[PDB]
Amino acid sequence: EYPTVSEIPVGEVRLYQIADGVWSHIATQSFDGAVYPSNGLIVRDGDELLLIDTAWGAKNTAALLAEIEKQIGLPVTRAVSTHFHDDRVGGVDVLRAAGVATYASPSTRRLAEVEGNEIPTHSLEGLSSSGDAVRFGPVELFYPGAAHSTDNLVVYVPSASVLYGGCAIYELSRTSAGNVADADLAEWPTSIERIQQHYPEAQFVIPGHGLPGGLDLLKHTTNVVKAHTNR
């Protein structure tokens, strides 16, 4: 049902309708001779769309916009990047060029700048302390605390009970931590517990990469992170 990394030619983007007015977007990026899948979110807000995260790169992000115009045909007026790494902000210049207002927390914008990555135009206030939540159009943005990165945000669509955890949440088939250079391994399980406490009603949980699931993805991620902690 859900597109897997094998079924998407590099450069092409798939959309997957999660619930009413909620899609994920799936793209792949070759990297070090391996191919990785990557997820973002699209949320309908009246007759406009809110975009969550780029499709990992200029060419992928351009194809994302073209696929949205093709299948949904509503304008992407705003976009939020959930942390500063290239798979979340790579392509922000393309969004900006297309007239999309791009947003991130000031923590994310700063870290993107230090990394030399593309930098969202707008700063999201009210997200600087663990447990902070703000509404942003049809979603709630939540800062659970440092985890995959110190700045990661998670996104919840209350109308559809969809939780988008970004790269702070692992898919079930990932049993080892992979890249954690910018992570807070010490705070990560506590941050995940805050997600569980704040969204106990979530019906669908979308990880930053790979297959969606339920709230079981959270304790699975904690297990992976604690195992890596004890490596």
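So that there is no doubt, residue numbering starts at 1 and follows the sequence shown. In this text, the rigid core denotes the largest set of C-alpha atoms whose superposition between the two forms falls within 1.5 Å.
Exercise. Would you say which of 55 to 63 and 173 to 181 moves more relative to the shown form in 8 other deposited structures of this protein, going by RMS C-alpha distance with the core superposed?
Key: Larger mean C-alpha displacement, comparing 55 to 63 and 173 to 181 in 8 other deposited structures of this protein, is found in 173 to 181.
Exercise. Return whichever of 66 to 74 and 187 to 195 has the greater mean Cα B factor according to the PDB record.
Key: Between 66 to 74 and 187 to 195, it is 66 to 74.
Quiz prompt | Given 222 to 230 and 4 to 12, the range whose Cα B-factors average higher in the PDB entry | solution = That would be 4 to 12.
Exercise. Select one of 104, 89, 114, 153: the residue whose C-alpha shows the highest B-factor in the crystal structure entry.
Key: 114 has the highest C-alpha B-factor of those listed.
Quiz item: Going by the deposited entry, which of 169, 181, 52, 162 has the highest CA temperature factor?
Solution: Result of the comparison over 169, 181, 52, 162: 181.
Exercise. Please rank the C-alpha B-factors of the chain's modelled residues and tell me whether residue 40 sits in the lowest, middle or highest third.
Key: Lowest third.
Exercise. Could you look up the Cα B-factor of residue 217 in the entry and say which third of the chain it sits in: lowest, middle or highest?
Key: Answer is lowest: the recorded C-alpha B-factor places it there.
Practice problem: Select lowest, middle or highest to describe the third in which the CA B-factor of residue 173 falls within its chain in this entry. | Solution: Lowest third - that is where residue 173 ends up once the chain's C-alpha B-factors are sorted.
Quiz prompt | Record-listed C-alpha B factor of residue 129: chain third | solution = Residue 129: CA B-factor falls in the highest third of its chain.
Quiz item: Taking the entry's C-alpha B-factors for this chain, is residue 97 in the lowest, middle or highest third?
Solution: Highest third of the chain for residue 97's C-alpha B-factor.
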